[PDB]
Amino acid sequence: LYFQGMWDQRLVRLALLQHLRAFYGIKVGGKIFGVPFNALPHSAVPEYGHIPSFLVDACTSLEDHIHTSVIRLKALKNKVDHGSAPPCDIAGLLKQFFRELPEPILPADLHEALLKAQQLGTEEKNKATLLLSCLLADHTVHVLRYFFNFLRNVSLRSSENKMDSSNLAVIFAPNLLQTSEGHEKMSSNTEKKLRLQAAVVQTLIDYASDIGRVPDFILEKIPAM
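Going by our numbering, the letters in the sequence shown line up with residues 15 to 239, in that order.
In structure tokens:
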């Protein structure tokens, strides 16, 4: 995201926040699991930068199965936490990984904003949501661009695996946002929130390649370095 690097990020940030209010009214013990993801072993990944090695290796292992017991899952988690798997279990570990992060990778302060974005009209949800992703720390931006690319790829092959972006979002959203799951006795309010939280994640999947990417109408308002 070189082109946007030609602007003082400080100002880019101010301008994003200004547009979000003006235009939309949105005002803002082991080795792997539970560790802040920035503190984990990273691997240089091309066109994405440095991404945590667990993520890279989990996703890369599932690459070949995109078409496709918590006792057995837990054993693998422990082996991984201590330092080939069935694909099911890798997937299972990816969900647990995000759930167990000290802080949610989509930070809590953005959640309301993200949900608000998801009440806008179709065309404008997408825009707002993507503007919100540009508020993310750029390490996060790169980890998320990588992961959402992986997700997107699963989704694009749904004729086969049956997991479209809606289907994936429902599953991952609670793990990414670190929220509760759907249940039977849900209030009308609790459930609407769930759906919209999944909708956030679904948008992120569908527009994976545009995550963290500042639009020209933002940049246009500012002079560059």
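Note that beta-carbon positions come from the ideal geometry of N, C-alpha and C, so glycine has one too.
Skipping 5 residues on each side, what residues in its chain have a beta carbon closer than 6 Å to that of residue i?
i, result
"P116", "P50"
"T136", "none"
"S147", "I225 and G226"
"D220", "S179"
"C73", "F164"
Let me know if residue i comes out buried or exposed under the rule of 16 or more other beta-carbons within 10 Å of its beta-carbon.
i, result
"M200", "exposed"
"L218", "buried"
"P237", "exposed"
"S169", "buried"
"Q32", "exposed"
"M20", "exposed"
"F17", "exposed"
"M239", "exposed"
"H156", "buried"
"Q216", "buried"
"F231", "exposed"
Can you tell me whether residue i is helix, strand or coil according to DSSP?
i, result
"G135", "coil"
"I104", "helix"
"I65", "strand"
"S57", "strand"
"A212", "helix"
"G226", "coil"
"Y221", "coil"
"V49", "coil"
"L15", "coil"
"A238", "coil"
"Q32", "helix"
"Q23", "helix"
So, for residue i: in the same chain, excluding its five sequence neighbours on each side, which residues have a beta-carbon less than 8 Å away from its beta-carbon?
i, result
"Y38", "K130, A131, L134, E138 and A142"
"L182", "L165, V168, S169, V215, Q216 and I219"
Alpha carbon to alpha carbon, how far is residue j from residue i? Give it in angstroms, no decimals.
i, j, result
"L144", "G43", "35 Å"
"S67", "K41", "35 Å"
"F112", "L208", "17 Å"
"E205", "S173", "28 Å"
"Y160", "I65", "8 Å"
"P60", "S83", "35 Å"
"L210", "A53", "31 Å"
"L124", "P188", "15 Å"
"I104", "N167", "16 Å"
"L149", "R27", "7 Å"
"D22", "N140", "25 Å"
For the ligand ZN, is there a heavy atom less than 6 Å away from the beta-carbon of residue i?
i, result
"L31", "Questions concerning the ligand ZN fall outside what the structure shown contains, since it holds no ligand whatsoever."
Please list, in chain order, all residues of the same chain as residue i whose beta carbon is under 7 Å from its beta carbon, the five residues on each side excluded.
i, result
"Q192", "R113 and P118"
"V70", "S57 and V59"
"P101", "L76, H79 and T82"
"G97", "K45"
Give, in chain order, every unbroken run of the alpha helix (DSSP H) that is at least 4 residues long and sits entirely within the region 110-165. 125-131 and 136-147
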